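Only one structure is covered here, and it is reproduced in the block below.
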Amino acid sequence: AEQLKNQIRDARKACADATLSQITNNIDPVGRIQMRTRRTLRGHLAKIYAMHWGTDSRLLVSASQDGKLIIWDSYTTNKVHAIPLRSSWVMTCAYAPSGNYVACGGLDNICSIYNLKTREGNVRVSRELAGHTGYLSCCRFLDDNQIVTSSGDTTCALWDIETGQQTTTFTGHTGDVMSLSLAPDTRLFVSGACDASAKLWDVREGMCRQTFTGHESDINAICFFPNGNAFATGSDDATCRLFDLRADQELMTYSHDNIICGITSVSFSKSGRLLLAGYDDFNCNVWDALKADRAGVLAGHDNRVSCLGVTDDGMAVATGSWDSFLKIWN
Amino acid sequence: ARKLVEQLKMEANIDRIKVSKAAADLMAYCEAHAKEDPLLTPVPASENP
Amino acid sequence: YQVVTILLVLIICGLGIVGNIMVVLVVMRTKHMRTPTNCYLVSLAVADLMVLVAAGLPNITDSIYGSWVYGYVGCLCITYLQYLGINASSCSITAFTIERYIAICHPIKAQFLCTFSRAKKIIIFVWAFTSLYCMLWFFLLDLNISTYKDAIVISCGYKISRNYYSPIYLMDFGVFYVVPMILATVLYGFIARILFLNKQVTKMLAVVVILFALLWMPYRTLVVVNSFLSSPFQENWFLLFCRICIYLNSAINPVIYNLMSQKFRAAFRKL
Amino acid sequence: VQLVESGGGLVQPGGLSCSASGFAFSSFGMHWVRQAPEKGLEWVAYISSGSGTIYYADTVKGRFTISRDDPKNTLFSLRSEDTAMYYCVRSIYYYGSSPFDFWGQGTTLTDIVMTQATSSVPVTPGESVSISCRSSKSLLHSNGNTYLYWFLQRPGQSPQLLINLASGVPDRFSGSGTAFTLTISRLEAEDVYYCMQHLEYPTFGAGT
Amino acid sequence: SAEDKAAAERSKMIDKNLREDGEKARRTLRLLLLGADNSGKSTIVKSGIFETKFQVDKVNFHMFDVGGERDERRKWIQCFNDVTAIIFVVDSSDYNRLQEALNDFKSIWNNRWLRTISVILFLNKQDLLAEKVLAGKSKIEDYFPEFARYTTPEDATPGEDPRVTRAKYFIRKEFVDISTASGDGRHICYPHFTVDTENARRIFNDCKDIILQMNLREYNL
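Residue numbers (the entry's author numbering), protein chains in the order written: chain C, 11 to 340; chain F, 12 to 60; chain A, 24 to 221, 262 to 334; chain D, 2 to 16, 20 to 80, 85 to 118, 125 to 177, 182 to 192, 195 to 211, 214 to 224, 226 to 231; chain B, 6 to 51, 67 to 178, 181 to 216, 219 to 245.
Here it is as structure tokens:
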């Protein structure tokens, strides 16, 4: 069946009989927002690879390459906790929706999980999760006992935290999976990879449900749309694609002429009408997620921007970057 | 490639939604929850930090 | 002697004024310019601007009117902006040389010491060490009025009359001319000792030990011999030459330290 | 996190330490709270994280002192009001914290005003044990968080915390600006209630 | 409020105990060891980021031998562009490997994040290519066809045999030719020839010239 894939993929292309940005081109766009730096969270020293927000929309963690996981206050610019790491080649970080747990993880093939609310006044390492053989690249949190890690041995996983070992492993990836996003609809997640595909996996079932190819080059940014029915992919060739889980084709790909370099992070506002993407041109960019125009540029950084996140209500947006400064807009 | 060739069609039974229906369905998350997003609109400055 | 020299300050102090504004609109405008070497070169850009406009204009109005136009409104304030514009555009040079010496002849040890939090510490240390020095130009400076046939000399004048006003210049000769030009000789020969041993930029580096010790040569000597010679030299033939050599000196400092580099040229070529 | 203080000896008022054990006091506040043999609670002192944000009682400003030996996680001129039993407070603040919670075993040697709301009620189980409270000013800041601190105690023992809803305490314990009520139901055994505020260094308004 | 005023001697007290920690992550120099197979890169100086540290003239170095799934090196290489030098070790051995292990040096040189950091070429086991050619059975002209067409220029190595030094300097010139083709002056290669104990100091006085060629561009000389 070497040629069997060319018949289903050509038939599924017929189910996608249009694009996105022609029906929403006539609607009222964003225009030009200048989400200026309300606060500016200074204190990291090396570059910054990942931040994750809080559930209360006022705390956030951030992961840096000096071996620090700093828990911030979005309101008073306050170092709530600064968690010293052991493996400082950190490429990802996460925050539990209970607000009790954070988890780091990077090139040392390991996901360490940290407990926030404790007695004896600390943030302790709860469950260090070995079991990967490649560089860990995106950890998330579905529950205080469910973490979905993506790694550099081409394997997505799923773990029982209290036990200490995996419950599932999600294979089917040629290149390394770089970035993962859990869904609001709690039974699915998605992960893009270096082989320009993005295998929609399944939390409850076990096997990777759908596939999503379409980039010219590798992929390093995944985020769910907040309805859980779509998601946007940020690649390393200045193409920021969006898809749909039950359509499997390209929803829209936000591209401009002046961007030639990689798109390190992708996030979404609470409306699902602000696609925020962090590029290698030493500055962010606000895309309107429907009409796909440059409707805002969050140029405040001097080096490449690697992370992004909108709150659980849409109020603020923090961006870290390699300038060691994480800058919350409003 | 033997187990992979039996896996390209073992999960290829996805019921497809049209993207034009989805381009009205993705806007259903935008025409609803519109004003509750502080960044799509010029939100006020009373309780906004 | 006075007809063409009115447009001679206005060509060399006006082009240095647009030269130093091209320095600070390259440092403060581009993203990756967060270097220590862009800090001493703004501590030299505006310090040369305090003589490219605060010393080029009081000699510009001196041509059209032989007396001081500003009177006491300016000749106590703008003369403070001619002993700080001189002594800080000649002491950032002392600051930038010891940066350029440690960066080359000890380049590992200057990957760690020299950072943006240390360059901002030394330029603020050196304006405050010299603003609190140049407050001495309030106590020994007052107006003066005299007259002659084709002269009514109300200029930005003086005080105790150059017999007791000497050590404002003899110490200034050994701090802002002797120090930044024998440390540009000892600590640029060491770059020549290393680059030519391991090198084609040593021509541009041999210029500025000559070019900065040649232009502060006659003026720091003139204000040292005017404190030494009773009824001193005050003619527009020679003493205007001791000011033209100053206004072009602070006009070519945007050319040396920011146009003779690969970094700031590509930074200029971005915008 | 088991805390403990030092007892102290009976000395005339005008003629202490909380050597707590086995936790991180270098990231916690370190209070003192006096409790009278006849009346009840009153605030005493403070030391924050970092050597020195020290407050003092208005009747003890210059009296016995407070400290924090943050390496060892330890701690090192009275009156009739200062002839009370001192009991310590563990607390630390961040945007989501539940401060004031753990109390030492302190029965030691011998102001924005707030209401009391019938300070003498005996034990009636089974039904709602709803106590109201009020303060002389609006506790609610512009952020939107009412900073009320409603405490508990035990007969012959150390205090604890009930109100939001702190930790280490049971579940059955449970408002507006300038006036707020609680809805506690289904009272059980091992039950000296309190309600305080901490918007400034003055202090609960009563002594129940 | 006094709660939030006590929630602000966190951020002024974390930085007292964090910026004093982040001033140790910039006093040591970073290297990146990168050798393919049977190259002896574990034996040049002496869980998946096996990293060693060594100090010479009181300058602590810190190289990161990264054991990955394959030699793609595409996406974990972005973490190492704050690094002074990529120490590249490759052996004096079979010539079907050295046409792929020199197509290794060409994907490290023409990279994107590595367009500023200058690679060190650290050729190991110098006394095992003579023993491959003193036996004479090594068909060096077979794999490398243009080897016999040229010969050695002056300044040869003092066991000063010309038939091996014609080959010793051939592979070095084969890699400098892929170095200086498209290098743009920002980064240059630094070849060597060693299993000897002259290995550590030859990275010390060579990363200096990687630094000194930045302070000839950073300090406007």
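For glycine and all other residues, C-beta sits at the position ideal for the given N, C-alpha and C.
Cutoff 7 Å: residue i Cβ touching any chain C Cβ
i                     : result
residue 230 (chain A) : You won't find residue 230 (chain A) in this model, because chain A goes from 221 right to 262.
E71 (chain B)         : no
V2 (chain D)          : yes
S31 (chain F)         : yes
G27 (chain B)         : yes
Residue span of the beta strand (DSSP E) that contains residue i, given as start and end
i             : result
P94 (chain C) : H91 to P94
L70 (chain C) : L69 to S74
Rounded separation between residue i and residue j - CA only
i                    : j              : result
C114 (chain A)       : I315 (chain A) : 16 Å
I309 (chain A)       : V272 (chain A) : 16 Å
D36 (chain F)        : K89 (chain C)  : 41 Å
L67 (chain A)        : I338 (chain C) : 34 Å
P139 (chain D)       : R206 (chain D) : 6 Å
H225 (chain C)       : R134 (chain C) : 40 Å
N125 (chain C)       : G205 (chain B) : 48 Å
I270 (chain C)       : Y170 (chain B) : 42 Å
residue 52 (chain B) : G158 (chain D) : There are no coordinates for residue 52 (chain B) in this structure, because the numbering of chain B runs from 51 directly to 67.
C96 (chain D)        : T47 (chain C)  : 42 Å
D254 (chain C)       : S31 (chain F)  : 12 Å
residue 2 (chain C)  : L210 (chain A) : Since the first residue shown for chain C is 11 and the last is 340, residue 2 (chain C) is missing from the structure and cannot be characterised.
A174 (chain A)       : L80 (chain A)  : 21 Å
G156 (chain B)       : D230 (chain B) : 35 Å
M101 (chain C)       : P130 (chain A) : 31 Å
Neighbour flag for residue i against chain B, beta carbons, 7 Å
i              : result
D154 (chain C) : no
Residue i: first and last residue of the uninterrupted alpha helix (DSSP H) it sits in
i                   : result
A151 (chain A)      : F139 to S154
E71 (chain B)       : Where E71 (chain B) is concerned, there is no enclosing alpha helix (DSSP H), although the beta strand (DSSP E) it sits in stretches over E71 to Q75.
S31 (chain F)       : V30 to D36
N110 (chain A)      : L107 to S112
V32 (chain A)       : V32 to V50
residue 8 (chain C) : Summary: the structure shown does not reach residue 8 (chain C), with chain C confined to residues 11 through 340, and so no result is reported for it.
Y60 (chain D)       : Segment: none, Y60 (chain D) is in no alpha helix (DSSP H) and carries neither H nor E.
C250 (chain C)      : It is not in any alpha helix (DSSP H) - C250 (chain C) instead sits in the beta strand (DSSP E) that spans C250 to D254.
Test: residue i CB closer than 7 Å to a CB of chain D
i              : result
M238 (chain B) : no
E8 (chain B)   : yes
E130 (chain C) : yes
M18 (chain B)  : yes
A11 (chain B)  : yes
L69 (chain C)  : yes
Closer than 6 Å: residue i CB and nearest the ligand FAD heavy atom
i             : result
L36 (chain B) : Because no ligand of any kind appears in the structure shown, any question about the ligand FAD cannot be addressed here.
7 Å Cβ cutoff, residue i in contact with chain F
i              : result
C121 (chain C) : no
CB contact check: residue i to chain A, cutoff 7 Å
i                     : result
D312 (chain C)        : yes
residue 180 (chain B) : Because chain B is numbered from 178 directly to 181, the model contains no atoms for residue 180 (chain B).
Name the residues in the stretch 85–116 of chain D whose C-beta lies less than 9 Å from a C-beta of chain C; which are they? For the stretch 85–116 of chain D, residues whose beta-carbon sits nearer than 9 Å to a beta-carbon of chain C comprise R98, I100, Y102, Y103, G104, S105, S106 and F110.
Give a yes or no on contact between the stretch 14–23 of chain F and the stretch 43–62 of chain C, applying the rule of three or more CB pairs nearer than 8 Å. no
contact_flag[the stretch 250–266 of chain C, the stretch 22–31 of chain F] where n(CB pairs < 8 Å) is 3 or more: The stretch 250–266 of chain C vs the stretch 22–31 of chain F: in contact.
Going along the chain, which residues of the stretch 108–135 of chain A sit with their C-beta nearer than 8 Å to a C-beta in chain B? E122, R123, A126, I127, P130, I131, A133, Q134 and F135
Is it true that the stretch 75–89 of chain B meets the stretch 107–115 of chain C, where meeting means three or more beta-carbon pairs spaced less than 8 Å apart? no
Taking contact to mean 3 or more Cβ pairs, one atom from each stretch, closer than 8 Å, check whether the stretch 45–63 of chain A and the stretch 101–110 of chain A are in contact. no
Determine which residues of the stretch 279–303 of chain C have a Cβ less than 7 Å from any Cβ of chain A, and write them out in chain order. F292
Residues from the stretch 21–36 of chain D in contact with chain C, defined by Cβ distance under 9 Å: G26, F27, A28, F29, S30, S31 and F32
Mind checking the stretch 144–176 of chain B against chain A and listing, in chain order, the residues whose C-beta falls within less than 9 Å of any C-beta there? none
When you check each C-beta in the stretch 40–72 of chain A against every C-beta of chain C, which residues fall closer than 7 Å? Of all residues in the stretch 40–72 of chain A, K54, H55 and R57 have a Cβ within less than 7 Å of some Cβ in chain C.
Taking three-plus beta-carbon pairs below 8 Å as touching, is the stretch 317–325 of chain C in contact with the stretch 66–81 of chain C? yes
Quick check: the stretch 126–146 of chain B against the stretch 181–188 of chain B, are at least 3 beta-carbon pairs closer than 8 Å? no
Using a Cβ distance threshold of 8 Å, determine whether the stretch 74–87 of chain C contacts the stretch 7–26 of chain B, with at least three qualifying pairs required. In this structure the stretch 74–87 of chain C lies against the stretch 7–26 of chain B, because at least three pairs of beta carbons, one per stretch, are closer than 8 Å.
Interface positions of the stretch 315–326 of chain C facing chain F (Cβ-Cβ less than 9 Å), listed along the chain: From the stretch 315–326 of chain C, only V320, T321, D323, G324, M325 and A326 have a Cβ closer than 9 Å to chain F.
Segment contact flag, the stretch 190–209 of chain C with the stretch 133–151 of chain C, C-beta cutoff 8 Å, min 3 pairs: Taking one beta carbon from each stretch, the stretch 190–209 of chain C and the stretch 133–151 of chain C have 3 or more pairs nearer than 8 Å; the two touch.
Using a Cβ distance threshold of 8 Å, determine whether the stretch 232–248 of chain C contacts the stretch 11–25 of chain C, with at least three qualifying pairs required. no
Note down, in chain order, all residues in the stretch 251–264 of chain C with a beta-carbon under 8 Å from any beta-carbon belonging to chain F. Those would be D254, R256, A257, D258, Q259 and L261, in chain order.
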